[PDB]
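**Q** everything below, folded, please.
(chains A and B)
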Amino acid sequence: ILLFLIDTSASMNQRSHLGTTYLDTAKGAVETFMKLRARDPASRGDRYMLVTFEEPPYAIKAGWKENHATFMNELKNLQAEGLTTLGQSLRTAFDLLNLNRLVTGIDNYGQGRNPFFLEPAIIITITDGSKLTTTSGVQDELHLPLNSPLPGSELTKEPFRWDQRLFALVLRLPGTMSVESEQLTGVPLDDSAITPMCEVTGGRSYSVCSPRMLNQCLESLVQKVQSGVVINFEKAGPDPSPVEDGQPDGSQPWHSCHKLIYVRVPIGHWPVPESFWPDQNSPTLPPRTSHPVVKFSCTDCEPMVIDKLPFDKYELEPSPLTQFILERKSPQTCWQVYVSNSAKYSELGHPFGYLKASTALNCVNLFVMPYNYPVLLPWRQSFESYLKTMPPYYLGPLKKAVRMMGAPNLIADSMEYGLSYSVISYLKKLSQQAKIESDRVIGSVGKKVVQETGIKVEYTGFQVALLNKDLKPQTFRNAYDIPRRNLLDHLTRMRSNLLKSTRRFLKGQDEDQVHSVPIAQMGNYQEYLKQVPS
Amino acid sequence: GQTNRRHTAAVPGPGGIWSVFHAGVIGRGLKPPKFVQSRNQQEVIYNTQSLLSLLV
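**A** Residues are numbered from 1 along each chain as shown, chains lettered A, B, ... in the order given. See the structure here:
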């Protein structure tokens, strides 16, 4: 799923050095991105959406239940007229991407946080350089407005989601020559108000300066689409305890890269449950975070973990692997990882996995382990006392693995909270109704706005008409659509047309055809008694 | 240097029973002005001489 955000604002009317405006260059770049992505044999399941800088009823051009034909037709007729309302457009796009999330089961907020339930989405937000306006002045903060929150959105406290990356294109093409071609293989950043918003999600922001640089950035962007598993790392709290082959001193601490969870839907178990201590009676649930604040500690702690535990291959995208490569990729050794923010009743973090590398030393495998592996792996009334340290709802998925061996547990203590189940079906129904109402009025514009609003300065109610583009005057049916110049000739033409008594008469003077004239479409409505047997 | 009376007296395609032969006009055709700059050759360079003398 790819949602292209093209502003089509009035500031996108300035002409480049090639002769076309920035909007035409953006549309051409989108078309070349389409034809480049079509090369990879994986573009048979994705869906394209379009978002412009227009009113909430008119911002979306093609959303759910819209094929490629209507999407291309809407992107073709894009007009650059309006202000640069970036915040409202980003909010509308994020709400559109989060319409079918509370109904299928993604981010249920009650049963862990399953990383194998993915809904990838990439935003391009092709906008102008700077100087965004909000009908009052020029702002320099880019704060997303919060006026009408969706039902069930206060449990994340952030507009974007687990898998929602945000790339940006500014299209800073000069007007005279664009002769800046010193650095060949180098794509700098835009350094604008959208740069922090993009970096928070996990995607960079390109700075287009030349058509060659545009082609380079488009060819570099097609290689950044996969399953979205974005997790945040922190150096705390080990004081860079990497004393293995050298001495530490770094910027590879707050790594917020993605992870490629390739399927073999995705197959996996043992998710990151949450970051708080869930109580048995809690009417209000604390809001989750889109990026989990999980921290790693550099300790050997028996990296050899061999068992019949179901295996996972959530591949990690190499972005800050320099710190690992400095220590020879940690051969035959790993380092634990633990989620912060009160992972248990009374403690600060519980190691639930590690980041052991592969034998090929190519990337990090991201070995996800159970909540507390070094205890259950090595019954004398031990498991009954051990199952009290883990979160309650967490007994859900692990028991499935126990199904591979037997079934000692039951549904006696399989209860998260009596108040968490309530006020959940109503929120899901409200979200479904909102998604249906949004998908219903998605393409039907029905503007019907043509007036001059004649002010005084039949009274207080007059309004002069405006020039209608698609008027289609009926010359043979309506007599008012016949001007004075070609009146007598048109009169004789109408007379001859009425006195001819032909078959299948029409009221159009000369209606040649539409913009498209297909050969197969016209040849299908015919009959040819021939087969060419010879 | 640099309406309908005439259209009615010759209408009905000379048949009074069919439509016109053509199918309309595109714009106007046969631009009336078609004027060319032919004011004068002499006494034009002397105005330029006077202007250059003023500028000098």
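**Q** show me where the chain has its helices.
**A** You didn't pick a chain, so chain A it is. Under the criterion DSSP state H, helices of chain A are mapped to A:22-37, A:56-59, A:68-76, A:86-97, A:194-201, A:211-221, A:322-325, A:373-376, A:383-386, A:395-402, A:425-440, A:488-498, A:519-524.
**Q** not quite, go with chain B.
**A** For chain B, the helices defined by DSSP H occupy B:5-9, B:45-55.
**Q** buried ones in the last one, by neighbour count?
**A** Just to be clear, that refers to helix B:45-55. Under the neighbour-count criterion of 16 or more other CB atoms under 10 Å in any protein chain shown, helix B:45-55 has nothing buried. Yep, even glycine has a C-beta here, placed from its N, CA and C like the rest.
**Q** figure out how far it is from the centre of its chain.
**A** Chain-centre distance of helix B:45-55: 33 Å, with CA atoms, centre = their mean, to the nearest Å.
**Q** how about the CA coordinates for that helix, as CSV?
**A** Presented in CSV, the C-alpha positions along helix B:45-55 are these (Å, rounded to 0.1, in the frame of the first residue of the first chain):
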residue,chain,number,x,y,z
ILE,B,45,15.7,59.9,-40.0
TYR,B,46,15.7,63.6,-39.2
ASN,B,47,13.5,63.0,-36.2
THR,B,48,16.0,60.4,-35.0
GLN,B,49,18.7,63.0,-35.6
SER,B,50,16.9,65.6,-33.5
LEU,B,51,16.4,63.1,-30.7
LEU,B,52,20.0,62.1,-30.7
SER,B,53,21.0,65.8,-30.7
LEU,B,54,18.7,66.4,-27.7
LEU,B,55,20.3,63.4,-25.9
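**Q** can you list the residues of chain B near chain A?
**A** Taking CB under 8 Å from any CB of the partner chain as the contact definition, chain B meets chain A at B:3-4, B:7-8, B:11-13, B:17-20, B:22-25.
**Q** pipe the helices of chain B into a markdown table and attach distance to residue A:311 per row.
**A** Shown next, in a markdown table, are those (distance: least, CB to CB, whole Å):
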| stretch | distance to residue A:311 |
| --- | --- |
| helix B:5-9 | 90 |
| helix B:45-55 | 92 |
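**Q** buried only: go through the residues of chain B next to chain A for me.
**A** B:12, B:19-20.
**Q** re the thing from before, ok, which pair from the residues of chain B next to chain A is furthest apart?
**A** Greatest spatial distance in those: B:3 and B:17, 25.2 Å, computed using CB to CB.
**Q** quick one, what contacts residue A:507?
**A** By CB atoms under 8 Å, 6 or more residues apart in numbering or on different chains, residue A:507 lies in contact with A:474-477.
**Q** please tell me how far it sits from chain B.
**A** Distance, residue A:507 to chain B, by CB to the nearest CB, to the nearest Å: 15 Å.
**Q** and residue A:270, how far from chain B?
**A** 75 Å.
**Q** what's the answer for residue A:41, then?
**A** Using CB to the nearest CB, residue A:41 is found at 51 Å from chain B.
**Q** tell me how many other residues surround that residue.
**A** Applying other CB atoms under 10 Å in any protein chain shown, we find 6 other residues in the vicinity of residue A:41.
**Q** against residue A:108, how distant is the residue nearest to residue A:151 when sequence neighbours are not counted?
**A** Spatial nearest neighbour of residue A:151, excluding adjacent residues (CB to CB, 6 or more residues apart in numbering or on different chains): residue A:430 at 3.9 Å. Residue A:430 sits 16 Å away from residue A:108, going by CB to CB, to the nearest Å.
**Q** same check, this time on residue B:12
**A** For residue B:12, the distance to residue A:108 - CB to CB - is 80 Å.
**Q** how about residue A:472?
**A** Using CB to CB, residue A:472 is found at 52 Å from residue A:108.
**Q** so between those two, which is more surrounded?
**A** Neighbour count, other CB under 10 Å: between residue A:472 and residue A:108, residue A:108 has more, with 15 against 8.
**Q** quick one: contacts for that one?
**A** Taking CB under 8 Å, 6+ apart, we find residue A:108 in contact with no residue.
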